[PDB]
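Have a look at the structure below, then the notes.
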Amino acid sequence: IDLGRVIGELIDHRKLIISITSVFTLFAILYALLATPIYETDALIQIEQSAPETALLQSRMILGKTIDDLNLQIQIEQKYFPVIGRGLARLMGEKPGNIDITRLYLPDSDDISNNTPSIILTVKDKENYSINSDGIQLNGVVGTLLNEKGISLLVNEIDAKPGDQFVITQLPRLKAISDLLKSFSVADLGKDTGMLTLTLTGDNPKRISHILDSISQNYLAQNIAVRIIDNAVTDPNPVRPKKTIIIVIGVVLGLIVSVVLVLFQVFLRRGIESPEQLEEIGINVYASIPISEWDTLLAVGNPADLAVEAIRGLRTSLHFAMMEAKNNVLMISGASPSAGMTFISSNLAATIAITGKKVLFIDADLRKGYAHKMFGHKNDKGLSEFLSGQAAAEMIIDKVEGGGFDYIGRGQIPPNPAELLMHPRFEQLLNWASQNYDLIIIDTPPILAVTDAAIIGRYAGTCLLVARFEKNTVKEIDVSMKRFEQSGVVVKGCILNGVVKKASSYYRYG
Amino acid sequence: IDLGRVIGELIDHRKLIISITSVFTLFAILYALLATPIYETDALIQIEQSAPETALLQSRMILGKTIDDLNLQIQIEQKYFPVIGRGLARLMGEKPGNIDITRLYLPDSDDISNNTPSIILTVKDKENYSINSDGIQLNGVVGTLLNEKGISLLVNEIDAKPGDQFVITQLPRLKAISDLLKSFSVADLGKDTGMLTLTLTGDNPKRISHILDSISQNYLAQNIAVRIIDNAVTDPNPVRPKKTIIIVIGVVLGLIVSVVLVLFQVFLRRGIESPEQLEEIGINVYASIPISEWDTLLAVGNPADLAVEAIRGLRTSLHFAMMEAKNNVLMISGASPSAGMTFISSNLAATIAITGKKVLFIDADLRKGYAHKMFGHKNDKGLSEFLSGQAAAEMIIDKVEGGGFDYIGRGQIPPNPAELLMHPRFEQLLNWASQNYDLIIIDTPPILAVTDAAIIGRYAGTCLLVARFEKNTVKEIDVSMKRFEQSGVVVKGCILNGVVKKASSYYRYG
Amino acid sequence: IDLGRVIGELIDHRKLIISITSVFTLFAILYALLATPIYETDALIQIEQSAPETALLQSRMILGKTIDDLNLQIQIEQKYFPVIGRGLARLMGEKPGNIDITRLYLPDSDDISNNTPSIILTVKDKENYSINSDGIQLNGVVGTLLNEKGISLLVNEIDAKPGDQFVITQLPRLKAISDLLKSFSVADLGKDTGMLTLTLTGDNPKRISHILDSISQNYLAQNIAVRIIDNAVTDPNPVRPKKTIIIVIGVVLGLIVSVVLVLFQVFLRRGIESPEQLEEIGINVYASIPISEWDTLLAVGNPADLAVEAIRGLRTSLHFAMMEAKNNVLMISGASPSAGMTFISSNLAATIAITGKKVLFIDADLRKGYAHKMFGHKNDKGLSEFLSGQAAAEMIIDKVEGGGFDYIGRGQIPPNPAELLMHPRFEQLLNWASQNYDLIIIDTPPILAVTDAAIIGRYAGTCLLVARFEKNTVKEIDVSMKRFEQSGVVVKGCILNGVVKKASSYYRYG
């Protein structure tokens, strides 16, 4: 978790980190390029206090007069069915539509919820056009006033592009004041000077300057019953969205979520990470088999594979460690199903067979052993058919043609695995084989699941646990070795398995 | 209690956590959707100080005149018998009722407690109607004034919906002023400017604007004997309830009570939680039997059950641990009643019997032993009938047909259990059985209750305590082993029992 | 990492440090000498408050009048195709071009994006000239007004130098105000005094004084409908760029990036740095061979080389350490490929051969051994052809003519290296050679890659690891020695190799 570990794991996770940071920055870029620009216009008003005037300009007396003058309760919006149609239309350089209605009158439905009745205008050409309110499309012309079904609408100088849609809202006068007041702002910048820096912000730049001029002139005429130094002009540079600030916030947010998520995943996993985690508990790791990219045995399929090199390292370390053992029986038990126990056992048997010693591979996993499904098999007369007494030692032994070693499958699943393994025929078999073979690899179920491994390991000189690299935890290995000790079985050490090529010391040589 | 433990237990308790948080958020949602909306109207008053004026507007001179003008001491409320009828009626979109009374006069009961006499109006149609005060329903019509029994009520423009009920309260003028003053508010926003931002809040939006206009105009006319810039208009967005703030508070409160309650339950329980709690005290846990979902023996009913796999693990660990013991008698004692002692003893006997050794199961719980109620029994001539000398060793031994092992029940409850067990016939029985059987499992009462276990364990080579997973505490096990030591009995170890499948290492295999 | 280490490594890295600091300071110098100078002019205005006046001077009423007077919306720039052409032109002492246009009128394209239509003027002589807008070059003369294609341009007193290019921009009046306002500044310096210290900054010094005089006089005439104490004069010393501040910032930035980068590289490397790093772990370093600057053996090519002196030191230390060893076989294994293992083994063999003892050099790296590619070879009948049984001990031994020692190459690459080395012929060979030779140096692959070294080291009395100086890490050496221990091989110590002459204690003597 230290800085060195941090940088190593971040480079290991660099794909995820850059992916999520880049996707957030892409969202930031698309938003900052599609967010409608907001322009700001400013005016300067001169008086000879000004504390009241901040509150008279923003009063519904002054603003409401501007709505009554510019007809700001008639709202016009170019229709884009997507949420980003307007932005993309601007990006393509398309001129945005605009029309002028000097007199609009909806049927005054003005319901409690839909107090803002909405109609859609369909432009057909530069002169004639139609409106769809709820289906009845009334064709009209600029100039002449259409008065049908309570629709009194007079549009003039309609825009050029045909086929466009304009949503029209006759929103209430109070709303048309409140939104203006929200977009409007006053300040003093002298704290006693007559200087008032009126600011109004909106999307339509030519419209906001007109609105602010109207506000200033209405305030002037009202105060007559004050000097407008310079009328309102719009700054051509939009003030929102702030493109630079958005993007850097996108980057910082992407990196911060990346860091929190990578630390979350680091504190998520609990499996083994290195042989030294087991060796701290006092467990001799005899090999760290790296994960092989690759039905035949890997030891005879691709003998030059790194996993087979690690298994040969295991063969030599076992050959040293298994001398002085009471007999030549080696019991390999996986710390869990899906620990790679039969992989390791079968290939270790093959690599010891090519050496030239006689190897017997007993699959004493009577519960879900499948070595017969992987070596090519005579399924009749396996191990369970022998412990049940209905077979002899010779009809159960086979020959793996590839690996070059003898093999005893489980046979049929018995209903009483543990009760079968306790039968004295099993020690008979082992005593016979240990005379007629050089090494016997017995392959047993876990010990955290059943007790079979602890029955078999009574007659085995060497017992080894197999742990998958990041699947099994240290707790499982420790509990398994303690449970083996309770039953009088000494687990010599562990075979850590399926270690990633990032963490394996093995590399291709030759 | 660490963060890892915290998250693990919260996911374990996620059902309760999400249930209570969701129910609080549901209460918050129903409240925020049923709480009557409160609208706010604002007006702006201009003067040329204003410190006194904050206190003249809110004076009973100005307000009381508005009550006298708008008849605000006549209260009208649509009747909803539930506490949430009004909210649900609004939610269904129903128009809320309202009527107008320009002249109301109750009989002026005006008692000390009920100084606000209440009557209920029953609307029958758009023109005629009736009132029930205390039973006498007087039928009346809008327009004409009904004057009966001191009821002078003139209602006009009664609402549309028939059959509704309106509770009418002629609350006192002082109350009609005090509530208005509570809902009314003034400020200055310039600290010297003539700007007064009058605000009045209420549920009826069209009514509060009228009230605030009346207040402003009364203040104007009074000050004549000041300028109203813009009259009162109501903001259509209700200011209360604050729906968003309520919901987030509901979520935060649900989570905080969830955390405090889960920590409370964590600090509530004191039972055993893991074998390592016992192993810290120096107690050898020989098995952790997981809780079986499942009258016959589980070892013969469902031999593939996980609990029977754990008992076979116990069988092998005992077989190793019981060699070198002075005799083949195993004494199993529960740390408490309801520790699963007879479950474990019976199934361990069955699993050792299927192996092929001769097992005698003695139920030396002479107080409330019920193995005979569970194996199928000849209740005559049990253990107590033998210690009393009125039976021989042969008429007391039985055969469990399922388990395949011999069995000795307690027989009849004696009046002197401990005094019976001390009789030298019991050691005679054990010395005989230990010659004619391979394993003898004696099943004894607790030691924190009686002394029988410490009498029996004098003749037992191996003694084992059985602790239920979260029922028995570590204190009970420690006190039991110390009390066994005082009596010269060595408790070899413990059998932790009924461990939950969340905490058991056993899993199904095959 | 301590101050002594810091200074030592900085002097070691002084080339990089001074290189990067000098390149940043060179960039700073070129920028500070090419950044266009910015002059500042100041004026003093006297009034009898002045808080409003700070905001009237900077108002678009006053500034816009100055643009309308001096035609500041007509922008003129001498064209330099590089980004630094203007700076270099000034540095060469060239007079900068300038022309005067009293009336300019572009075709008023004024598009949404290109609202600032740009044209380029091509001066041909002191009187006549031409303009290229988008290709159509219209020839014109100073004085007379050319009016073609909507181009109304009247330039007069055009500059001297022919062939120059002037980019002309009729930028909008609002932009011509906003840039001026950005460059303009007012202050009071008395906080109540009428003193206003107007400051205007720009590149053209004669132009900014004229602009500030125009601003002051326009403000004066406006306030008539205030006293200009001293008109605007430009300080001849440019105020930007601040040459001294830039250079010192360049130096400080260069040194700070140098420090952070050298510390980054220090915390980057993880290889061995000294023999004491290995000796801390308990590893006997027997030699530290320094890196030799130099196909024949270095021990016979340049016997006076420092690396050969270090190998003779290794020869004596080995001679002492290898007495009492079980046999005269020395196994040298590199901790990694590219550790210099065959370099060290071959030269140690040569230096022991010149002494006069019989040396056999066995190249038991059957995977990628190349001693035969370096001694001159008969490639037939190597080691692998002997273990396969298809050669005898005599046809595999050779004579290195230079080194003076016998030699056994690997031969052909076998498909089963480890399986070959396990054949009992290898111990036959060693037992024979250890009788017919004084020292046998067996050269083996790594142990972190294959298991061959641990097979060979079973029959070797002394085993030595070879670590490259900064390539191999301490972790590799420790893991290699532990993996050798697992297989029953005792690694006597290490030979640290390729140590830099900065860190080697060896020096030329004689």
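Labels for the structure tokens follow display order: chains A, B, ..., residues from 1 in each chain, ligands from 1.
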Residue hits in chain A, query chain B, radius 7 Å, only C-alpha atoms, as a CSV table (one decimal) with N, CA, C and O atoms, in the first residue's frame:
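Contents of result_29.csv, freshly written:
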```
chain,number,residue,atom,x,y,z
A,51,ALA,N,-28.6,52.7,-2.7
A,51,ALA,CA,-29.1,51.5,-1.9
A,51,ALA,C,-30.5,51.2,-2.2
A,51,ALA,O,-30.9,50.0,-2.5
A,52,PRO,N,-31.4,52.2,-2.2
A,52,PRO,CA,-32.8,51.9,-2.7
A,52,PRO,C,-32.9,51.4,-4.1
A,52,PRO,O,-33.7,50.5,-4.4
A,60,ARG,N,-41.1,44.5,-9.3
A,60,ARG,CA,-42.0,44.2,-10.4
A,60,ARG,C,-42.7,45.4,-11.1
A,60,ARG,O,-43.3,45.2,-12.1
A,61,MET,N,-42.5,46.6,-10.5
A,61,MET,CA,-42.9,47.7,-11.2
A,61,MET,C,-42.1,48.0,-12.5
A,61,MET,O,-42.6,48.2,-13.6
A,367,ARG,N,-15.2,-38.6,-4.5
A,367,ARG,CA,-16.4,-37.8,-4.5
A,367,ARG,C,-16.6,-37.1,-5.8
A,367,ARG,O,-17.7,-37.3,-6.4
A,368,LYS,N,-15.7,-36.3,-6.3
A,368,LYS,CA,-15.8,-35.7,-7.6
A,368,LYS,C,-14.4,-35.7,-8.3
A,368,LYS,O,-13.9,-34.7,-8.8
A,419,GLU,N,-16.1,-43.9,4.6
A,419,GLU,CA,-16.2,-45.2,5.2
A,419,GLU,C,-15.5,-46.2,4.4
A,419,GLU,O,-15.0,-47.2,4.9
A,448,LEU,N,-11.2,-29.0,4.3
A,448,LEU,CA,-12.2,-28.1,4.9
A,448,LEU,C,-13.6,-28.5,4.4
A,448,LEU,O,-14.6,-27.9,4.9
A,449,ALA,N,-13.7,-29.5,3.6
A,449,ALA,CA,-15.0,-30.0,3.1
A,449,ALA,C,-15.3,-31.4,3.7
A,449,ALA,O,-16.4,-31.6,4.2
A,450,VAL,N,-14.4,-32.4,3.5
A,450,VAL,CA,-14.6,-33.7,4.0
A,450,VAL,C,-13.4,-34.1,4.9
A,450,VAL,O,-12.5,-33.3,5.1
A,451,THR,N,-13.4,-35.3,5.4
A,451,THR,CA,-12.3,-35.9,6.2
A,451,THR,C,-11.5,-36.9,5.4
A,451,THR,O,-10.6,-37.5,6.1
A,486,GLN,N,-4.7,-32.0,13.9
A,486,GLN,CA,-5.6,-32.6,14.8
A,486,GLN,C,-5.7,-34.1,14.6
A,486,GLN,O,-5.9,-34.9,15.5
A,487,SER,N,-5.7,-34.5,13.3
A,487,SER,CA,-5.9,-35.9,12.9
A,487,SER,C,-4.6,-36.7,12.9
A,487,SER,O,-4.5,-37.8,12.4
A,488,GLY,N,-3.5,-36.1,13.3
A,488,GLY,CA,-2.2,-36.8,13.4
A,488,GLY,C,-1.5,-36.8,12.0
A,488,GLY,O,-0.6,-37.7,11.9
```
Could you name the residues that touch range 274-279 of chain A at 10 Å or less, counting only C-alpha atoms, but leaving out those on the same chain fewer than 3 positions away, as a JSON list (two decimals) with N, CA, C and O atoms, in the first residue's frame?
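Result written to around.json:
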```json
[["chain", "number", "residue", "atom", "x", "y", "z"],
["A", 271, "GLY", "N", -7.15, -12.92, -1.01],
["A", 271, "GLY", "CA", -6.42, -14.13, -1.31],
["A", 271, "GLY", "C", -4.93, -13.99, -1.03],
["A", 271, "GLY", "O", -4.42, -12.95, -0.63],
["A", 282, "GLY", "N", 4.72, -19.78, 8.81],
["A", 282, "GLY", "CA", 5.53, -20.95, 9.05],
["A", 282, "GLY", "C", 5.24, -22.11, 8.13],
["A", 282, "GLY", "O", 5.32, -23.27, 8.56],
["A", 283, "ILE", "N", 4.90, -21.84, 6.87],
["A", 283, "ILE", "CA", 4.50, -22.85, 5.91],
["A", 283, "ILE", "C", 5.54, -22.87, 4.80],
["A", 283, "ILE", "O", 5.82, -21.83, 4.19],
["A", 284, "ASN", "N", 6.11, -24.04, 4.54],
["A", 284, "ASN", "CA", 7.15, -24.17, 3.53],
["A", 284, "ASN", "C", 6.49, -24.23, 2.16],
["A", 284, "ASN", "O", 5.86, -25.23, 1.82],
["A", 285, "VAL", "N", 6.65, -23.18, 1.37],
["A", 285, "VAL", "CA", 6.20, -23.21, -0.01],
["A", 285, "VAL", "C", 7.26, -23.92, -0.84],
["A", 285, "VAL", "O", 8.41, -23.49, -0.88],
["A", 286, "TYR", "N", 6.87, -25.01, -1.48],
["A", 286, "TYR", "CA", 7.84, -25.81, -2.22],
["A", 286, "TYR", "C", 7.93, -25.44, -3.68],
["A", 286, "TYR", "O", 8.90, -25.82, -4.35],
["A", 287, "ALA", "N", 6.94, -24.72, -4.20],
["A", 287, "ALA", "CA", 6.96, -24.27, -5.57],
["A", 287, "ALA", "C", 5.91, -23.19, -5.72],
["A", 287, "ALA", "O", 4.97, -23.11, -4.93],
["A", 288, "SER", "N", 6.10, -22.35, -6.73],
["A", 288, "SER", "CA", 5.10, -21.37, -7.14],
["A", 288, "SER", "C", 4.90, -21.59, -8.63],
["A", 288, "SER", "O", 5.64, -21.04, -9.44],
["A", 469, "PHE", "N", -3.47, -19.14, -6.43],
["A", 469, "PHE", "CA", -2.70, -17.94, -6.10],
["A", 469, "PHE", "C", -3.53, -16.93, -5.34],
["A", 469, "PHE", "O", -3.24, -16.61, -4.19],
["A", 470, "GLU", "N", -4.58, -16.40, -5.97],
["A", 470, "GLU", "CA", -5.39, -15.38, -5.32],
["A", 470, "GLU", "C", -6.77, -15.88, -4.92],
["A", 470, "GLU", "O", -7.55, -15.10, -4.38],
["A", 473, "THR", "N", -7.21, -18.20, 0.58],
["A", 473, "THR", "CA", -6.65, -17.24, 1.52],
["A", 473, "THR", "C", -5.66, -17.94, 2.44],
["A", 473, "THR", "O", -5.56, -19.16, 2.48],
["A", 474, "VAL", "N", -4.91, -17.13, 3.19],
["A", 474, "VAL", "CA", -4.00, -17.68, 4.18],
["A", 474, "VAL", "C", -4.78, -18.37, 5.29],
["A", 474, "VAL", "O", -4.32, -19.36, 5.86],
["A", 475, "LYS", "N", -5.96, -17.85, 5.62],
["A", 475, "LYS", "CA", -6.79, -18.46, 6.65],
["A", 475, "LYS", "C", -7.15, -19.89, 6.29],
["A", 475, "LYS", "O", -7.13, -20.77, 7.15],
["A", 477, "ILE", "N", -5.44, -21.99, 4.40],
["A", 477, "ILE", "CA", -4.26, -22.85, 4.51],
["A", 477, "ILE", "C", -3.94, -23.13, 5.96],
["A", 477, "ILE", "O", -3.60, -24.26, 6.33],
["A", 478, "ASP", "N", -4.03, -22.11, 6.81],
["A", 478, "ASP", "CA", -3.73, -22.31, 8.22],
["A", 478, "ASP", "C", -4.74, -23.24, 8.87],
["A", 478, "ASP", "O", -4.36, -24.15, 9.62],
["A", 493, "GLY", "N", 4.35, -29.04, 3.61],
["A", 493, "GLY", "CA", 4.42, -27.70, 3.09],
["A", 493, "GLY", "C", 3.32, -27.48, 2.08],
["A", 493, "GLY", "O", 2.36, -28.24, 2.02],
["A", 494, "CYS", "N", 3.48, -26.43, 1.29],
["A", 494, "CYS", "CA", 2.45, -25.99, 0.37],
["A", 494, "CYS", "C", 3.01, -25.87, -1.04],
["A", 494, "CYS", "O", 4.21, -25.68, -1.22],
["A", 495, "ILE", "N", 2.14, -26.00, -2.03],
["A", 495, "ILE", "CA", 2.48, -25.73, -3.42],
["A", 495, "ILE", "C", 1.57, -24.59, -3.86],
["A", 495, "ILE", "O", 0.40, -24.81, -4.17],
["A", 496, "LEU", "N", 2.10, -23.38, -3.91],
["A", 496, "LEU", "CA", 1.32, -22.26, -4.40],
["A", 496, "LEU", "C", 1.20, -22.36, -5.91],
["A", 496, "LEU", "O", 2.17, -22.65, -6.61],
["A", 499, "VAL", "N", 0.12, -18.76, -10.11],
["A", 499, "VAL", "CA", 0.59, -17.41, -9.85],
["A", 499, "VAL", "C", 0.76, -16.68, -11.17],
["A", 499, "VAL", "O", 1.19, -17.25, -12.17],
["A", 503, "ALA", "N", 3.82, -11.79, -11.17],
["A", 503, "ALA", "CA", 4.36, -12.08, -9.86],
["A", 503, "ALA", "C", 5.26, -13.31, -9.82],
["A", 503, "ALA", "O", 5.93, -13.54, -8.81],
["A", 504, "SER", "N", 5.29, -14.11, -10.88],
["A", 504, "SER", "CA", 6.15, -15.28, -10.91],
["A", 504, "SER", "C", 7.57, -14.88, -11.28],
["A", 504, "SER", "O", 7.79, -14.01, -12.12]]
```
Using only C-alpha atoms, which residue out of A:215, A:121, A:158, A:23 lies closest to residue 56 in chain A?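 The shortest atom-to-atom distance to residue 56 in chain A comes from A:215.
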Name the residues of range 265-445 of chain A that come out as strand (DSSP E or B) in a backbone DSSP run; write them as a PyMOL selection string. chain A and resi 285-290+329-334+359-363+397-400+405-408+439-444
Who sits within 8 Å of range 337-339 of chain C, only C-alpha atoms, same chain under 5 positions skipped, as an NGL selection string: :C and (445-446 or 466-468 or 471-472 or 497)
Keeping only N, CA and C atoms, write the selected residues as a compact mmCIF listing (two decimals), in the first residue's frame.
```txt
# COMPACT_ATOMS: atom_id res chain seq x y z
N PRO C 445 22.77 -22.69 -15.82
CA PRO C 445 21.76 -21.65 -16.03
C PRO C 445 21.35 -21.01 -14.72
N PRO C 446 20.51 -20.00 -14.75
CA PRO C 446 19.96 -19.48 -13.49
C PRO C 446 19.12 -20.53 -12.78
N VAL C 466 26.44 -15.33 -9.30
CA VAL C 466 27.01 -14.16 -9.95
C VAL C 466 25.89 -13.15 -10.15
N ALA C 467 26.07 -11.96 -9.62
CA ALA C 467 25.08 -10.90 -9.75
C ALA C 467 25.70 -9.72 -10.48
N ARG C 468 25.04 -9.26 -11.53
CA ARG C 468 25.43 -8.01 -12.15
C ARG C 468 25.18 -6.87 -11.18
N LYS C 471 21.93 -4.54 -12.26
CA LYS C 471 20.83 -5.23 -12.91
C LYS C 471 20.07 -6.10 -11.92
N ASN C 472 20.74 -7.08 -11.34
CA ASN C 472 20.07 -7.97 -10.41
C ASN C 472 19.82 -7.26 -9.09
N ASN C 497 29.37 -8.47 -9.85
CA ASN C 497 30.03 -8.35 -11.14
C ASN C 497 29.64 -7.06 -11.83
```
Just want the 10 Å neighbourhood of residue 425 in chain A, counted on only C-alpha atoms, with same-chain residues fewer than 3 positions away dropped. Output as a list in words.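 Counting only C-alpha atoms, the residues come to residues 386, 387, 388, 389, 393, 420, 421, 422, 428, 429, 430 and 431 of chain A.
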Output C-alpha atoms for every residue in the selection just made, as a PDB file, in the first residue's frame.
```
ATOM      1  CA  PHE A 386     -11.547 -52.154  -5.066  1.00  0.00           C
ATOM      2  CA  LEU A 387     -12.266 -50.885  -1.557  1.00  0.00           C
ATOM      3  CA  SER A 388     -15.719 -52.438  -1.896  1.00  0.00           C
ATOM      4  CA  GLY A 389     -13.835 -55.695  -2.508  1.00  0.00           C
ATOM      5  CA  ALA A 393      -5.255 -54.634  -7.377  1.00  0.00           C
ATOM      6  CA  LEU A 420     -14.637 -46.897   2.170  1.00  0.00           C
ATOM      7  CA  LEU A 421     -11.249 -45.238   2.620  1.00  0.00           C
ATOM      8  CA  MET A 422     -11.132 -46.509   6.196  1.00  0.00           C
ATOM      9  CA  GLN A 428      -3.004 -53.145   1.673  1.00  0.00           C
ATOM     10  CA  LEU A 429      -2.985 -51.361  -1.679  1.00  0.00           C
ATOM     11  CA  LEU A 430      -0.486 -48.756  -0.519  1.00  0.00           C
ATOM     12  CA  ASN A 431       1.833 -51.311   1.092  1.00  0.00           C
TER      13      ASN A 431
END
```
Within range 172-400 of chain C, find each residue whose DSSP state, derived from the backbone, is alpha helix (DSSP H), and express the selection as an MDAnalysis selection string. chainID C and resid 173:183 205:224 243:266 275:280 298:301 306:322 341:355 372:375 384:387 393:396
Mind giving me the straight-line distance from CA of residue 376 in chain A to CA of residue 296 in chain A in Å, one decimal?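 Pair CA of residue 376 in chain A / CA of residue 296 in chain A returns 9.0 Å.
In terms of minimum interatomic distance to residue 202 in chain A, A:38 ranks closest within A:220, A:38, A:123, A:92, counting only C-alpha atoms.
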Expressed in Å, the length from CA of residue 305 in chain C to CA of residue 360 in chain C is 23.7 Å
Which residues are near residue 41 in chain C? Cut-off 12 Å, only C-alpha atoms, ignore same chain within fewer than 4 positions. Put them as a ChimeraX atom specification. /C:183-186,197-213,230-239
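One distance worth recording is that between CA of residue 491 in chain C and CA of residue 463 in chain C, which is 4.9 Å.
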Surrounding residues of range 243-258 of chain C excluding itself and chain neighbours under 4 positions, 6 Å, only C-alpha atoms, as a list in words: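 Here the qualifying residues turn out to be residues 17, 21, 24, 25, 28 and 32 of chain C.
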Excluding residue 375 in chain C and any residue of its chain fewer than 6 positions from it, enumerate the residues within 9 Å of it, using only C-alpha atoms, and give them as JSON, numbers by chain. {"C": [295, 296, 297, 400, 401, 402, 403, 407]}
